[PDB]
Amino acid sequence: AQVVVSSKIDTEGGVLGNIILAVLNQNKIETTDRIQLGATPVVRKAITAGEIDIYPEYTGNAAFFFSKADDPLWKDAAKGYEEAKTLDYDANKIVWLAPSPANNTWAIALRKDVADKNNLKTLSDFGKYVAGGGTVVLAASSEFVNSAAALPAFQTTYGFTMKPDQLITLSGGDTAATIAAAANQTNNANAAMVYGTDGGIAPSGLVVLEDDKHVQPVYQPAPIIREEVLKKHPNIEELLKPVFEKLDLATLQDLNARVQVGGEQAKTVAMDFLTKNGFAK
């Protein structure tokens, strides 16, 4: 029986799904390609119904699957991973394999020139800079500026507030527009609302600030696999471990950018990543 590989329909799903596919093929596990099948609900329905076997899911998404969206545990990367793994095994006999360290969550990215000049690496650094009178204009969605769990939470935890003249507020939630604003200094923008592994970040010369006090839930991608399929191919676990360990934030940003900015096929990007790191030939 072929192992059915899938993913969510977004760019990163295509990248991670093709990475899984290629690792399996290189290690002589035959596959069926159902990559980029649909949105999260469609892919969840498919794996629980046994229509797909393995795909990349994010730790923090388990908060929504298991009716725990309001639980603070998801903001702790290790706790979130363990809770996702335990619940999906107990409820669904789905096995979570080793995660990537990349946190693909709501974030603030700064222009690299501003970050370098002011030695800003973390949101704590950013709060100190803003509170002290540092020059900032942040491009963000109305939802990000106003929803309790977003900018307001960052402001409270990191000790800063943003004035109206320090914000470019857009109606929609697409980070394409906010990334571009900061990249181009539109209306003096030097910061953008992003998700951590957004492909646009790499070529736009922005850098994601670390959420060092853990305000946002953590979304680490990991391959997850139906137990019965893993039992048939038990080496899948160890084969994917070093591969996902190498997928740090900047590496994933770059791979995503190759697809969504460079126009490369995800299959090609995945194979190049594996060959470069000794996981394929």
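Numbering starts at 1 and runs along the sequence shown.
Per the entry, higher mean C-alpha B factor between 162-170 and 136-144: The recorded data point to 162-170.
Mean Cα B-factor comparison, 214-222 or 237-245, giving the higher one as deposited: Here the higher of the two C-alpha B-factor means belongs to 237-245.
Options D198, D71, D88, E82 - largest CA temperature factor per the record: It is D71.
Member of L97, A181, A115, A109 with the greatest C-alpha B factor (per the PDB record): Top of the list by C-alpha B-factor: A115.
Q185 - which third its CA temperature factor falls in, relative to the rest of the chain: Middle third - that is where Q185 ends up once the chain's C-alpha B-factors are sorted.
Third assignment of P203 from its chain's C-alpha B-factors: Tercile = highest for this residue's CA B-factor.
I47, C-alpha B-factor rank within chain (lowest, middle or highest third): Middle third of the chain for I47's C-alpha B-factor.
B-factor third for the C-alpha atom of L16 within its chain: For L16, whose C-alpha B-factor we compare with every modelled residue in the chain, the answer is the lowest third.
Third assignment of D53 from its chain's C-alpha B-factors: Within its chain, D53 is a middle-third residue by C-alpha B-factor, going by the deposited values.
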